[PDB]
Structure formats: C-alpha cells, structure tokens
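Participant: A single structure is presented below for examination.
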Amino acid sequence: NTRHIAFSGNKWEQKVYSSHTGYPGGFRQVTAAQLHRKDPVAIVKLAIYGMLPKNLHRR
Amino acid sequence: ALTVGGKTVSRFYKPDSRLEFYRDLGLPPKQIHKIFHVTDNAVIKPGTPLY
Amino acid sequence: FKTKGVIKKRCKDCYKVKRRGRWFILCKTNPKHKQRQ
Amino acid sequence: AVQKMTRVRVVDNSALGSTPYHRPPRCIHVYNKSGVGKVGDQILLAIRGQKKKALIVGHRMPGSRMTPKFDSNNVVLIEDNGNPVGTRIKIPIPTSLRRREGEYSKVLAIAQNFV
Amino acid sequence: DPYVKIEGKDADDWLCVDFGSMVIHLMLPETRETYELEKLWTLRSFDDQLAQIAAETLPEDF
RNA sequence: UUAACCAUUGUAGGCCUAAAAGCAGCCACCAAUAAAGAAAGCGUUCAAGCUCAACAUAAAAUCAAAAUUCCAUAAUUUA
RNA sequence: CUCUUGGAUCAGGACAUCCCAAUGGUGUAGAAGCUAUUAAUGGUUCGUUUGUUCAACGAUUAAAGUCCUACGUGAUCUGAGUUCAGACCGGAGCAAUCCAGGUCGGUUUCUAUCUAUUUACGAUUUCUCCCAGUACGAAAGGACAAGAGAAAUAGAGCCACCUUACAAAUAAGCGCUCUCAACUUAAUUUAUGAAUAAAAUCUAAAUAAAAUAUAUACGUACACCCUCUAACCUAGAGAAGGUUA
Ligand SMILES: [Mg+2]
Ligand SMILES: [Mg+2]
Ligand SMILES: [Mg+2]
Ligand SMILES: [Mg+2]
Ligand SMILES: [Mg+2]
Ligand SMILES: [Mg+2]
Ligand SMILES: [Mg+2]
Ligand SMILES: [Mg+2]
Ligand SMILES: [Mg+2]
Ligand SMILES: [Mg+2]
Ligand SMILES: [Zn+2]
C-alpha cells in the first residue's frame with residue numbers, strides 16, 4: 001500500500017526532491033506530489049535509504 | 001513486436017546457434033534482423049514473405 | 001497591480017480580499033487603486 | 001556572389017554610371033540576412049564619393065541548371081523611392097526576375113532583351 | 001487564380017500592378033514623359049534613346 | 001467605540017471677490033422645527049449637484065510565535 | 001605634491017530581461033507609446049578614428065542586455081605595459097648620472113606521471129500574401145486573432161546534378177534532402193459558494209474551468225549472443241566489426 005501513504009501538513013506541495021544527471025543543465029527539482037505520480041514507491045524507499053548507516057552494508 | 005530479416009547470405013562462416021535458429025523456421029540465413037512494433041490486429045504469422 | 005510594501009484603501013469603494021496566498025485591495029470604480037502585497 | 005568591397009559594373013544609361021571615373025564602383029552593404037548577394041538582391045553602392053542603392057542583375061557564379069551565367073557582375077542603380085535612376089538597359093536580363101519575391105516590374109519595363 | 005501584389009507604394013508618383021496576362025503602370029504626367037515607355041515597346045529595336053547608347057572597346061588605356 | 005437609514009429653512013451669510021451661495025477667501029456663525037454644523041468632505045466658472053453628522057430603528061465588543069548542484073534522514077502526544 | 005590589462009579559441013552559470021512569449025493600469029479612440037507583474041527558452045552583426053580624460057562615427061538588425069567565473073581561459077596562441085643592456089631630443093646637475101617626461105630598436109623553455117574528460121534524439125526567428133484600406137476614426141490615418149507561402153540560422157545526413165581536387169573507382173562545399181508531440185504551471189481572468197441577513201465574494205474555505213517559458217508522463221533509435229587458417233572491405237591508429245557459387 002505504498003501508494004496510500006499520507007503526509008502531514010502541506011508537505012505534498014512543499015517537499016522538493018533534487019537530482020543531477022551530471023551534464024551541464026542536468027539539475028532537476030521535483031515536488032513530492034509529482035514524484036509520487038510518476039513512481040508510486042519512490043517516497044517510501046527514499047526515507048528508508050536515508051536512515052540506514054552510510055557504509056557498504058547499506059546497499 | 002515482430003522481427004524481420006533480409007538479404008540472404010552464405011551459410012559457411014556462421015555460428016552454429018544462428019544456423020539452428022534458421023533451420024527451425026525452414027529458411028536460409030539472413031544478414032540482418034530488426035524489430036518492429038505491431039498491434040494485435042496486425043500480427044502476421046512467422047515465415048510469410050513480404051514485398 | 002502595483003506591488004507595494006503597505007497596501008492602503010484609497011476610496012470608499014475599495015475592498016480587501018485574500019487570493020492565492022496574498023492580500024489584495026481591489027476597487028471596481030477606479031482600476032487605478034488595484035494593489036498587491 | 002557579390003560581397004562588401006566587390007567591384008561591379010553599372011549596366012545602365014544613367015549619367016552617373018556612364019561618366020568615366022578613376023575608380024570603379026564598390027559594394028558597401030548587402031541587404032540580406034546573409035552577406036551574399038545573388039540576382040534580385042539590393043545592395044549599397046559607393047560611386048564618385050557618393051552612396052546610392054543598386055540592384056544585382058547578373059554575376060559570374062554558377063547557379064541551378066537552365067539559368068544564364070554572365071561574364072561580369074552587372075548592377076542597376078535605384079533611387080531611394082525605388083524608381084530606376086536610368087531610363088534604358090541594353091544588355092540581356094534574366095526572366096527569373098519576374099516571379100521572385102520582390103518588386104521588379106519597374107526594372108523589367110525598361111529592359112528590352114530577356115535571356 | 002493567384003493573388004497580385006501592389007508595387008510602388010514607396011514611390012509617390014509611379015505605381016505598377018502585375019496580373020497574370022496584363023501589366024498596368026500608373027504615373028503622373030511628368031514621370032511618364034521622361035521615361036517615355038510608349039516609344040520603347042512600340043519601336044522595339046528602333047527607339048531613339050537606345051540608339052544613343054553605344055559600345056566600348058580599347059586596345060590600351062590611351 | 002459600529003454595520004441599518006437619511007435628509008426641510010430664515011438666505012445665495014458680508015466682502016474690491018461677476019459670483020464666489022456650507023464649502024477661494026473673510027469675519028460672524030446664529031434660525032425654525034422632535035431633527036439638521038451659516039458644514040466634517042467631494043463637486044461645481046459661481047450655481048448645481050453627491051456625501052458626513054442629525055430623524056426614528058438596531059447589533060456586535062495594545063504588541064507580539066546571485067552567479068558548478070537543494071542539501072542528514074524523518075517526526076506534531078505513553079506518564 | 002604624487003603612484004596589470006586587450007584580442008583569438010571554446011565557453012560553464014546567475015536574473016537585477018535587450019529581443020521572442022503570457023498579462024494588469026493609463027492623461028489607452030485606432031497606430032504608436034509611457035509604467036508594472038510573471039518567465040532564463042535560444043539568440044544577441046559588420047567596418048572605421050579629424051576633434052571628444054575610460055569618448056565618438058558609418059551601415060544594419062526582431063535584438064545588437066547587465067553581470068560572475070584568480071585579464072573564465074598564456075604546460076592552447078598572440079599584442080601593449082610592468083622594463084632593463086644601445087641611441088637621441090626637453091628639463092635639471094661641476095661631473096658621474098637623473099626623470100611615476102618624448103620617441104626608434106630589442107631572448108621563456110616543457111617528450112603528460114595522477115585526477116578529470118573524449119559515440120542518438122522529438123527547432124528558433126523573420127518577411128510577403130490572405131482576413132482587408134476592413135474593425136476604429138470627423139478626417140488624416142490604420143490593427144487583431146484564424147489560414148497560406150517563402151526564406152535565414154542551428155542540428156542531423158547525403159553525391160543524380162553543378163563546382164574544386166586525386167591530371168584514380170573517392171573525398172569535399174560553393175551543390176542537394178529532412179526536422180514533431182506536452183501528462184505535469186505563474187502572473188492573470190472566469191463559474192458555483194459559506195463564514196458575513198446578499199442580488200456579496202476566483203477559494204492560503206470545501207469546489208469547476210482557461211492561461212508563458214520550461215519538461216520526458218508519452219514515443220522513435222538500440223535489442224541477436226556469436227564460426228574464424230586466411231583473403232577482401234564504402235569498417236578501421238592497434239584491437240574490434242562486416243563479407244565468403
Ligand atoms: Mg553559455
Ligand atoms: Mg523578474
Ligand atoms: Mg592555463
Ligand atoms: Mg629591425
Ligand atoms: Mg618595444
Ligand atoms: Mg624601449
Ligand atoms: Mg593519458
Ligand atoms: Mg492575420
Ligand atoms: Mg449566497
Ligand atoms: Mg458572484
Ligand atoms: Zn478605489
């Protein structure tokens with residue numbers, strides 16, 4: 001049911017996710033709602049990734 | 001998807017894998033294969049010549 | 001739509017509204033009086 | 001292919017072009033997005049310490065098949081309003097000028113021979 | 001049947017319109033007489049102004 | 001301290017101001033009426049005209065929490 | 001009282017926007033203009049010094065934007081100056097010499113060890129015609145939007161022709177061909193409607209719509225599992241890759 005998660009407050013419209021392709025002009029910033037539309041699993045996965053220890057065993 | 005081949009070629013200098021694949025279809029080998037995106041209504045049986 | 005630090009009513013007919021996250025003073029009689037914050 | 005500083009021949013009966021001068025006329029500007037001028041293009045000419053508008057009617061560079069290639073770069077002087085400076089032309093003029101986008105009727109009237 | 005452009009608006013005295021099989025030139029009396037367009041087309045190769053023009057040859061600059 | 005309803009008159013008060021009439025001034029600033037300032041504003045060449053306050057009728061109730069590419073992840077209640 | 005910058009080449013980025021785009025107000029009739037909001041999409045020319053204390057002039061353009069990046073950039077290149085060894089004038093010093101004064105001439109080399117990097121995409125602008133000499137306006141004058149055609153630059157390819165070479169079967173441009181879709185928005189403008197007794201209100205109330213530049217929801221391209229003595233090749237530095245009565 002990762003599609004049915006809920007956000008408190010106005011986080012849907014205020015939380016931005018950032019990524020860079022690596023080429024000039026490759027910086028993209030997207031809001032939480034937009035990312036949830038494209039991928040129904042990305043939000044939950046990103047939260048878990050951040051909380052794990054930053055080492056090789058994380059992957 | 002459908003795969004199409006053309007331009008019959010010699011059989012002598014080819015790997016066995018390719019020769020086995022063509023023997024099943026009962027045709028001599030072709031130089032090149034490519035893929036085409038086709039809808040269900042437009043599907044055509046394998047082995048049919050095109051013009 | 002002059003954007004000003006302080007928005008002030010300029011005539012009796014001027015009225016105030018809260019649209020799309022900002023404060024507006026709108027007067028129909030005098031479109032000159034329209035302002036945004 | 002007329003460019004800045006190209007030397008051109010005035011094929012016209014106007015006194016300004018006809019009178020001999022120690023310097024031949026030279027192009028100063030081409031009224032195109034590109035700098036290259038072909039048949040049917042206006043240019044800015046420097047004549048006898050003066051500037052005048054002019055029109056290209058022939059050149060030595062090859063074109064598409066079935067069109068005439070001349071031996072010299074020929075030009076006609078044009079007034080600011082667009083009326084021809086001269087009153088007669090004797091050298092043959094191409095017939096492609098009739099349909100090309102632009103104002104060529106006035107020059108066509110004065111020209112006798114079309115090749 | 002194609003559309004037809006109007007030419008000579010820049011000029012204040014001479015206007016010409018080119019139809020498919022007809023050509024019409026309008027101008028003031030002073031402009032008409034100077035260019036004398038009737039003479040040329042009537043007398044195709046015998047025009048007086050054309051005869052005045054000549055040819056050029058020279059062995060050396062002298 | 002307010003949101004509802006309204007407006008008659010002595011006379012257009014003098015004053016070189018044509019006229020400056022509640023309103024340019026300029027001094028006075030009084031009158032009737034339940035209730036009406038020789039008027040708190042607009043606006044008229046001056047006048048007209050629009051308002052305010054009055055007439056009854058209602059109701060509510062001070063400061064403070066810029067130039068390479070965003071940058072831990074997240075979270076409102078268990079003594 | 002004094003005393004490092006230009007150019008070439010290739011550009012990365014900001015928005016405090018010059019042009020192209022969507023809008024509000026006007027002392028906005030039309031056409032021109034003046035001012036403000038939103039947006040970084042790609043673009044943003046060619047020549048020249050008689051006078052001008054960090055200026056000017058000619059011809060054009062839809063426009064010839066303002067800035068940051070140890071002058072962005074000299075182990076990629078180059079011109080002044082910092083600045084000397086020679087030599088002259090002008091002003092000083094008895095002289096040797098001197099000057100934040102004039103001028104002419106005048107020497108920096110690099111074989112790349114490490115990081116980093118070297119194989120697709122779905123376009124911008126201008127002009128003519130048409131609407132129409134219409135709308136508007138007393139006249140003078142003079143447009144929207146919608147439709148059509150031409151170009152120019154940018155990108156990707158190609159050789160029937162033309163042109164230039166090898167006085168070779170090929171390579172090139174000065175020759176020829178092809179270039180498109182928007183799920184997801186901002187300034188703004190409408191519709192229904194409470195707080196607030198309405199005939200109120202576009203709504204950081206619950207709702208329904210339209211509307212820049214962007215972009216990747218959506219497509220194209222790619223997909224194969226691979227014999228090899230050797231020879232040949234429109235494939236190539238090597239290796240790899242393709243072809244074999
Ligand atoms: Mg750049
Ligand atoms: Mg801005
Ligand atoms: Mg360097
Ligand atoms: Mg020397
Ligand atoms: Mg020197
Ligand atoms: Mg020197
Ligand atoms: Mg290396
Ligand atoms: Mg139109
Ligand atoms: Mg209601
Ligand atoms: Mg309403
Ligand atoms: Zn107002």
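We name chains A, B, ... following the order of the structure tokens; residues begin at 1 in each chain, and ligands are numbered from 1 as shown.
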Quick one: residues within 12 Å of residue 72 in chain G, only C-alpha atoms (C1' of nucleotides), excluding same-chain residues fewer than 5 positions away - as a PyMOL selection string?

Facilitator: chain G and resi 10-13

Participant: Can you tell me which residues sit at most 9 Å away from ligand 5, counting only C-alpha atoms (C1' of nucleotides) and all ligand atoms, written as a list in words?

Facilitator: residues 80, 105 and 106 of chain G

Participant: Show me which residues are within 12 Å of ligand 8 counting only C-alpha atoms (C1' of nucleotides) and all ligand atoms, and format the list as a list in words.

Facilitator: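 Based on only C-alpha atoms (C1' of nucleotides) and all ligand atoms, ligand 8 is surrounded within 12 Å by residues 129, 130, 131, 132, 143, 144, 145, 146, 147 and 148 of chain G.
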
Participant: Given a cut-off of 12 Å, what residues near ligand 6 show up using only C-alpha atoms (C1' of nucleotides) and all ligand atoms, put as a PDB file with N, CA and C atoms (P, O5', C5', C4', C3', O3' and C1' of nucleotides), in the first residue's frame?

Facilitator:
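pocket.pdb written:
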```pdb
ATOM      1  P     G G  81      55.027  48.924 -24.778  1.00  0.00           P
ATOM      2  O5'   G G  81      54.828  49.065 -23.204  1.00  0.00           O
ATOM      3  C5'   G G  81      54.020  50.104 -22.670  1.00  0.00           C
ATOM      4  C4'   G G  81      53.328  49.685 -21.397  1.00  0.00           C
ATOM      5  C3'   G G  81      54.228  49.354 -20.220  1.00  0.00           C
ATOM      6  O3'   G G  81      54.721  50.506 -19.561  1.00  0.00           O
ATOM      7  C1'   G G  81      52.513  47.730 -20.402  1.00  0.00           C
ATOM      8  P     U G  83      59.113  48.530 -14.032  1.00  0.00           P
ATOM      9  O5'   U G  83      59.535  48.993 -15.497  1.00  0.00           O
ATOM     10  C5'   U G  83      60.757  49.692 -15.709  1.00  0.00           C
ATOM     11  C4'   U G  83      61.382  49.371 -17.045  1.00  0.00           C
ATOM     12  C3'   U G  83      60.499  49.649 -18.264  1.00  0.00           C
ATOM     13  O3'   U G  83      61.305  50.043 -19.379  1.00  0.00           O
ATOM     14  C1'   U G  83      61.083  47.377 -18.236  1.00  0.00           C
ATOM     15  P     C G  84      62.258  51.338 -19.306  1.00  0.00           P
ATOM     16  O5'   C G  84      63.634  50.775 -18.731  1.00  0.00           O
ATOM     17  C5'   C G  84      64.372  49.790 -19.441  1.00  0.00           C
ATOM     18  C4'   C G  84      65.442  49.161 -18.582  1.00  0.00           C
ATOM     19  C3'   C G  84      66.813  48.995 -19.230  1.00  0.00           C
ATOM     20  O3'   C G  84      67.617  50.165 -19.129  1.00  0.00           O
ATOM     21  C1'   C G  84      66.146  46.941 -18.268  1.00  0.00           C
ATOM     22  P     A G  85      68.457  50.720 -20.388  1.00  0.00           P
ATOM     23  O5'   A G  85      69.923  50.114 -20.204  1.00  0.00           O
ATOM     24  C5'   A G  85      70.088  48.752 -19.854  1.00  0.00           C
ATOM     25  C4'   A G  85      71.428  48.184 -20.253  1.00  0.00           C
ATOM     26  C3'   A G  85      72.037  48.704 -21.560  1.00  0.00           C
ATOM     27  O3'   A G  85      72.929  49.789 -21.352  1.00  0.00           O
ATOM     28  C1'   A G  85      71.812  46.358 -21.680  1.00  0.00           C
ATOM     29  P     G G  86      72.791  51.159 -22.180  1.00  0.00           P
ATOM     30  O5'   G G  86      72.914  50.722 -23.708  1.00  0.00           O
ATOM     31  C5'   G G  86      74.174  50.669 -24.366  1.00  0.00           C
ATOM     32  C4'   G G  86      74.034  50.868 -25.855  1.00  0.00           C
ATOM     33  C3'   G G  86      73.643  52.266 -26.318  1.00  0.00           C
ATOM     34  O3'   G G  86      74.725  53.179 -26.370  1.00  0.00           O
ATOM     35  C1'   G G  86      72.246  50.707 -27.368  1.00  0.00           C
ATOM     36  P     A G  87      74.610  54.617 -25.657  1.00  0.00           P
ATOM     37  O5'   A G  87      73.990  55.578 -26.769  1.00  0.00           O
ATOM     38  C5'   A G  87      74.198  55.342 -28.154  1.00  0.00           C
ATOM     39  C4'   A G  87      73.087  55.919 -28.999  1.00  0.00           C
ATOM     40  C3'   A G  87      72.529  57.270 -28.573  1.00  0.00           C
ATOM     41  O3'   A G  87      73.325  58.360 -29.001  1.00  0.00           O
ATOM     42  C1'   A G  87      70.747  55.794 -29.084  1.00  0.00           C
ATOM     43  P     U G 103      55.934  58.919 -26.637  1.00  0.00           P
ATOM     44  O5'   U G 103      56.536  59.123 -28.097  1.00  0.00           O
ATOM     45  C5'   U G 103      57.006  58.016 -28.850  1.00  0.00           C
ATOM     46  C4'   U G 103      58.103  58.426 -29.799  1.00  0.00           C
ATOM     47  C3'   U G 103      58.943  57.290 -30.374  1.00  0.00           C
ATOM     48  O3'   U G 103      58.371  56.706 -31.532  1.00  0.00           O
ATOM     49  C1'   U G 103      60.373  58.893 -29.427  1.00  0.00           C
ATOM     50  P     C G 104      58.083  55.126 -31.592  1.00  0.00           P
ATOM     51  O5'   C G 104      59.410  54.511 -32.223  1.00  0.00           O
ATOM     52  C5'   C G 104      59.733  54.724 -33.589  1.00  0.00           C
ATOM     53  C4'   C G 104      61.151  54.314 -33.896  1.00  0.00           C
ATOM     54  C3'   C G 104      61.548  52.906 -33.482  1.00  0.00           C
ATOM     55  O3'   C G 104      61.112  51.902 -34.381  1.00  0.00           O
ATOM     56  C1'   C G 104      63.200  54.407 -32.759  1.00  0.00           C
ATOM     57  P     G G 105      60.541  50.510 -33.816  1.00  0.00           P
ATOM     58  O5'   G G 105      61.845  49.673 -33.452  1.00  0.00           O
ATOM     59  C5'   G G 105      62.908  49.538 -34.382  1.00  0.00           C
ATOM     60  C4'   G G 105      64.127  48.909 -33.754  1.00  0.00           C
ATOM     61  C3'   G G 105      63.878  47.727 -32.834  1.00  0.00           C
ATOM     62  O3'   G G 105      63.631  46.517 -33.526  1.00  0.00           O
ATOM     63  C1'   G G 105      65.416  49.199 -31.820  1.00  0.00           C
ATOM     64  P     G G 106      62.540  45.480 -32.968  1.00  0.00           P
ATOM     65  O5'   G G 106      63.224  44.866 -31.668  1.00  0.00           O
ATOM     66  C5'   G G 106      64.113  43.760 -31.755  1.00  0.00           C
ATOM     67  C4'   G G 106      64.955  43.635 -30.510  1.00  0.00           C
ATOM     68  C3'   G G 106      64.333  42.865 -29.355  1.00  0.00           C
ATOM     69  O3'   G G 106      64.503  41.464 -29.487  1.00  0.00           O
ATOM     70  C1'   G G 106      65.236  44.902 -28.555  1.00  0.00           C
TER      71        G G 106
END
```

Participant: Please check the contacts: residues of chain G at most 12 Å away from chain A, using only C-alpha atoms (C1' of nucleotides), listed as a PDB file with N, CA, C and O atoms (P, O5', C5', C4', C3', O3' and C1' of nucleotides), in the first residue's frame.

Facilitator:
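What ended up in selection-v5.pdb:
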```
ATOM      1  P     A G  11      31.466  26.144 -28.102  1.00  0.00           P
ATOM      2  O5'   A G  11      31.406  27.514 -27.284  1.00  0.00           O
ATOM      3  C5'   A G  11      30.586  27.659 -26.130  1.00  0.00           C
ATOM      4  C4'   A G  11      31.351  27.379 -24.859  1.00  0.00           C
ATOM      5  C3'   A G  11      30.570  27.478 -23.560  1.00  0.00           C
ATOM      6  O3'   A G  11      29.754  26.344 -23.311  1.00  0.00           O
ATOM      7  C1'   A G  11      32.670  28.539 -23.310  1.00  0.00           C
ATOM      8  P     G G  12      28.299  26.515 -22.647  1.00  0.00           P
ATOM      9  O5'   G G  12      28.559  26.381 -21.081  1.00  0.00           O
ATOM     10  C5'   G G  12      28.949  25.144 -20.504  1.00  0.00           C
ATOM     11  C4'   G G  12      29.124  25.260 -19.009  1.00  0.00           C
ATOM     12  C3'   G G  12      28.032  26.012 -18.259  1.00  0.00           C
ATOM     13  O3'   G G  12      26.888  25.226 -17.980  1.00  0.00           O
ATOM     14  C1'   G G  12      30.116  26.862 -17.609  1.00  0.00           C
ATOM     15  P     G G  13      25.416  25.851 -18.150  1.00  0.00           P
ATOM     16  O5'   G G  13      25.271  26.884 -16.943  1.00  0.00           O
ATOM     17  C5'   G G  13      25.309  26.448 -15.592  1.00  0.00           C
ATOM     18  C4'   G G  13      25.506  27.599 -14.634  1.00  0.00           C
ATOM     19  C3'   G G  13      24.397  28.640 -14.579  1.00  0.00           C
ATOM     20  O3'   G G  13      23.300  28.246 -13.773  1.00  0.00           O
ATOM     21  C1'   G G  13      26.494  29.725 -14.707  1.00  0.00           C
ATOM     22  P     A G  40      12.694  31.057 -15.129  1.00  0.00           P
ATOM     23  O5'   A G  40      13.275  31.352 -16.582  1.00  0.00           O
ATOM     24  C5'   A G  40      13.279  30.345 -17.587  1.00  0.00           C
ATOM     25  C4'   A G  40      14.550  30.373 -18.398  1.00  0.00           C
ATOM     26  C3'   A G  40      15.774  29.776 -17.706  1.00  0.00           C
ATOM     27  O3'   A G  40      16.573  29.073 -18.656  1.00  0.00           O
ATOM     28  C1'   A G  40      16.217  32.017 -18.300  1.00  0.00           C
ATOM     29  P     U G 117      34.953  12.261 -15.589  1.00  0.00           P
ATOM     30  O5'   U G 117      35.093  12.651 -17.128  1.00  0.00           O
ATOM     31  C5'   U G 117      34.425  13.786 -17.653  1.00  0.00           C
ATOM     32  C4'   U G 117      35.061  14.276 -18.931  1.00  0.00           C
ATOM     33  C3'   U G 117      34.970  13.355 -20.137  1.00  0.00           C
ATOM     34  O3'   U G 117      33.712  13.409 -20.790  1.00  0.00           O
ATOM     35  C1'   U G 117      37.173  14.180 -19.942  1.00  0.00           C
ATOM     36  P     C G 183      -1.091  18.230 -22.027  1.00  0.00           P
ATOM     37  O5'   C G 183      -1.322  17.147 -20.880  1.00  0.00           O
ATOM     38  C5'   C G 183      -1.340  15.760 -21.177  1.00  0.00           C
ATOM     39  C4'   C G 183      -1.141  14.919 -19.939  1.00  0.00           C
ATOM     40  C3'   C G 183      -0.940  15.680 -18.631  1.00  0.00           C
ATOM     41  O3'   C G 183      -2.163  16.026 -18.001  1.00  0.00           O
ATOM     42  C1'   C G 183       0.801  14.113 -18.888  1.00  0.00           C
ATOM     43  P     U G 184      -2.259  17.323 -17.057  1.00  0.00           P
ATOM     44  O5'   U G 184      -1.204  17.034 -15.898  1.00  0.00           O
ATOM     45  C5'   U G 184      -0.925  18.001 -14.895  1.00  0.00           C
ATOM     46  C4'   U G 184       0.451  17.792 -14.317  1.00  0.00           C
ATOM     47  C3'   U G 184       1.246  19.061 -14.006  1.00  0.00           C
ATOM     48  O3'   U G 184       1.027  19.551 -12.692  1.00  0.00           O
ATOM     49  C1'   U G 184       2.523  17.672 -15.417  1.00  0.00           C
ATOM     50  P     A G 204      -7.023  30.928  -2.088  1.00  0.00           P
ATOM     51  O5'   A G 204      -7.072  31.786  -0.746  1.00  0.00           O
ATOM     52  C5'   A G 204      -5.887  32.091  -0.029  1.00  0.00           C
ATOM     53  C4'   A G 204      -5.387  30.899   0.744  1.00  0.00           C
ATOM     54  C3'   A G 204      -5.847  30.793   2.188  1.00  0.00           C
ATOM     55  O3'   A G 204      -7.128  30.195   2.281  1.00  0.00           O
ATOM     56  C1'   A G 204      -3.519  30.275   1.993  1.00  0.00           C
ATOM     57  P     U G 214      10.870  27.007 -24.047  1.00  0.00           P
ATOM     58  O5'   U G 214      11.488  26.655 -22.623  1.00  0.00           O
ATOM     59  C5'   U G 214      11.679  25.308 -22.221  1.00  0.00           C
ATOM     60  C4'   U G 214      11.672  25.175 -20.719  1.00  0.00           C
ATOM     61  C3'   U G 214      11.685  23.753 -20.182  1.00  0.00           C
ATOM     62  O3'   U G 214      12.991  23.202 -20.121  1.00  0.00           O
ATOM     63  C1'   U G 214      10.024  25.025 -19.058  1.00  0.00           C
ATOM     64  P     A G 215      13.381  21.913 -20.998  1.00  0.00           P
ATOM     65  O5'   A G 215      12.868  20.676 -20.135  1.00  0.00           O
ATOM     66  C5'   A G 215      12.854  20.720 -18.711  1.00  0.00           C
ATOM     67  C4'   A G 215      11.850  19.749 -18.144  1.00  0.00           C
ATOM     68  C3'   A G 215      11.925  18.341 -18.722  1.00  0.00           C
ATOM     69  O3'   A G 215      11.560  17.377 -17.732  1.00  0.00           O
ATOM     70  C1'   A G 215       9.844  19.347 -19.311  1.00  0.00           C
ATOM     71  P     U G 216      12.529  16.131 -17.417  1.00  0.00           P
ATOM     72  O5'   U G 216      11.660  14.850 -17.786  1.00  0.00           O
ATOM     73  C5'   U G 216      10.246  14.840 -17.612  1.00  0.00           C
ATOM     74  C4'   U G 216       9.608  13.685 -18.342  1.00  0.00           C
ATOM     75  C3'   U G 216      10.442  12.406 -18.380  1.00  0.00           C
ATOM     76  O3'   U G 216       9.597  11.255 -18.329  1.00  0.00           O
ATOM     77  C1'   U G 216      10.082  13.190 -20.590  1.00  0.00           C
ATOM     78  P     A G 217       9.333  10.540 -16.914  1.00  0.00           P
ATOM     79  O5'   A G 217       8.345   9.328 -17.228  1.00  0.00           O
ATOM     80  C5'   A G 217       7.405   9.395 -18.287  1.00  0.00           C
ATOM     81  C4'   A G 217       5.986   9.406 -17.780  1.00  0.00           C
ATOM     82  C3'   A G 217       4.934   8.921 -18.780  1.00  0.00           C
ATOM     83  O3'   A G 217       4.634   7.544 -18.640  1.00  0.00           O
ATOM     84  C1'   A G 217       4.431  11.125 -18.135  1.00  0.00           C
TER      85        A G 217
END
```

Participant: Output as a list in words the set of chain G residues within 12 Å of chain C, with distances taken over only C-alpha atoms (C1' of nucleotides).

Facilitator: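 The answer, sorted by residue number, is residues 23, 24, 25, 26, 35, 36, 37, 186, 187, 188, 200, 201, 202, 203, 204 and 205 of chain G.
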
Participant: Can you pull out the residues contacting residue 17 in chain E? Cut-off 12 Å, using only C-alpha atoms (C1' of nucleotides), and skip same-chain residues under 5 positions away; I want them as a PyMOL selection string.

Facilitator: (chain D and resi 103-106+109) or (chain E and resi 3-9+22-27)

Participant: Counting only C-alpha atoms (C1' of nucleotides) and all ligand atoms, name the residues that have an atom within 12 Å of an atom of ligand 11; the answer should be given as a PDB file with C-alpha atoms, in the first residue's frame.

Facilitator:
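Below is the file selection_28.pdb, written as the result:
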```pdb
ATOM      1  CA  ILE C   7      -1.496  48.294   0.783  1.00  0.00           C
ATOM      2  CA  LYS C   8      -3.940  51.075   1.657  1.00  0.00           C
ATOM      3  CA  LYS C   9      -7.558  51.673   0.719  1.00  0.00           C
ATOM      4  CA  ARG C  10      -7.768  54.806  -1.424  1.00  0.00           C
ATOM      5  CA  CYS C  11     -11.527  55.329  -1.853  1.00  0.00           C
ATOM      6  CA  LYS C  12     -14.783  54.377  -0.170  1.00  0.00           C
ATOM      7  CA  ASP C  13     -15.475  51.677  -2.770  1.00  0.00           C
ATOM      8  CA  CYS C  14     -12.137  49.928  -2.158  1.00  0.00           C
ATOM      9  CA  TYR C  15     -12.394  46.458  -0.614  1.00  0.00           C
ATOM     10  CA  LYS C  16      -9.947  43.783   0.522  1.00  0.00           C
ATOM     11  CA  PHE C  24      -5.200  42.483  -2.378  1.00  0.00           C
ATOM     12  CA  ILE C  25      -7.029  45.806  -2.340  1.00  0.00           C
ATOM     13  CA  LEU C  26      -9.459  45.951  -5.266  1.00  0.00           C
ATOM     14  CA  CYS C  27     -11.644  48.854  -6.405  1.00  0.00           C
ATOM     15  CA  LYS C  28     -14.007  48.397  -9.344  1.00  0.00           C
ATOM     16  CA  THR C  29     -14.855  52.089  -9.755  1.00  0.00           C
ATOM     17  CA  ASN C  30     -11.190  53.127 -10.104  1.00  0.00           C
ATOM     18  CA  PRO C  31      -8.963  50.363 -11.536  1.00  0.00           C
ATOM     19  CA  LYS C  32      -6.031  52.635 -10.644  1.00  0.00           C
ATOM     20  CA  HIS C  33      -6.489  51.636  -6.993  1.00  0.00           C
ATOM     21  CA  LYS C  34      -5.736  47.935  -7.533  1.00  0.00           C
ATOM     22  CA  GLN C  35      -2.746  46.802  -5.467  1.00  0.00           C
TER      23      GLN C  35
END
```

Participant: Enumerate residues in contact with ligand 3: an atom-to-atom distance of at most 9 Å, counting only C-alpha atoms (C1' of nucleotides) and all ligand atoms. Format the result as a list in words.

Facilitator: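 My answer, listing the contacting residues, is residues 73, 74, 75 and 76 of chain G.
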
Participant: As an NGL selection string, which residues of chain E does DSSP assign to strand (DSSP E or B)?

Facilitator: :E and (6-7 or 14-18 or 23-27)

Participant: Give me the residues within 12 Å of range 13-23 of chain B as a list in words, counting only C-alpha atoms (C1' of nucleotides) and dropping any in the same chain fewer than 5 places off.

Facilitator: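 Residues near the query, excluding close chain neighbours: residues 5, 8, 28, 29, 30, 31, 32, 33, 46 and 47 of chain B; 224, 225, 226, 227, 228, 242, 243 and 244 of chain G.
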
Participant: Generate the output file for the selected residues, C-alpha atoms (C1' of nucleotides), as a PDB file, in the first residue's frame.

Facilitator:
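Result file selection_23.pdb:
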```pdb
ATOM      1  CA  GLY B   5      15.169 -10.423 -41.746  1.00  0.00           C
ATOM      2  CA  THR B   8      20.071 -14.000 -47.799  1.00  0.00           C
ATOM      3  CA  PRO B  28      18.260 -19.814 -45.359  1.00  0.00           C
ATOM      4  CA  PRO B  29      20.057 -17.315 -43.116  1.00  0.00           C
ATOM      5  CA  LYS B  30      19.628 -13.558 -43.424  1.00  0.00           C
ATOM      6  CA  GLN B  31      22.246 -10.852 -42.968  1.00  0.00           C
ATOM      7  CA  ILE B  32      20.306  -8.605 -40.563  1.00  0.00           C
ATOM      8  CA  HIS B  33      17.377  -8.743 -38.122  1.00  0.00           C
ATOM      9  CA  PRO B  46       6.221 -16.109 -38.984  1.00  0.00           C
ATOM     10  CA  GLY B  47       7.650 -17.299 -42.279  1.00  0.00           C
TER      11      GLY B  47
ATOM     12  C1'   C G 224      20.606 -11.313 -31.787  1.00  0.00           C
ATOM     13  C1'   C G 225      24.950 -13.833 -28.472  1.00  0.00           C
ATOM     14  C1'   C G 226      28.148 -15.011 -31.905  1.00  0.00           C
ATOM     15  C1'   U G 227      32.077 -19.502 -36.546  1.00  0.00           C
ATOM     16  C1'   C G 228      37.164 -17.773 -37.926  1.00  0.00           C
ATOM     17  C1'   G G 242      31.170  -6.966 -41.955  1.00  0.00           C
ATOM     18  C1'   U G 243      31.532 -10.379 -46.372  1.00  0.00           C
ATOM     19  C1'   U G 244      32.956 -15.882 -48.491  1.00  0.00           C
TER      20        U G 244
END
```

Participant: Which distance in Å separates CA of residue 48 in chain E and CA of residue 18 in chain E, to one decimal?

Facilitator: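 CA of residue 18 in chain E lies 26.9 Å from CA of residue 48 in chain E.
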
Participant: What residues have any atom no more than 10 Å from ligand 7 when counting only C-alpha atoms (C1' of nucleotides) and all ligand atoms, and can you list them as JSON, numbers by chain?

Facilitator: {"G": [112, 113, 114]}
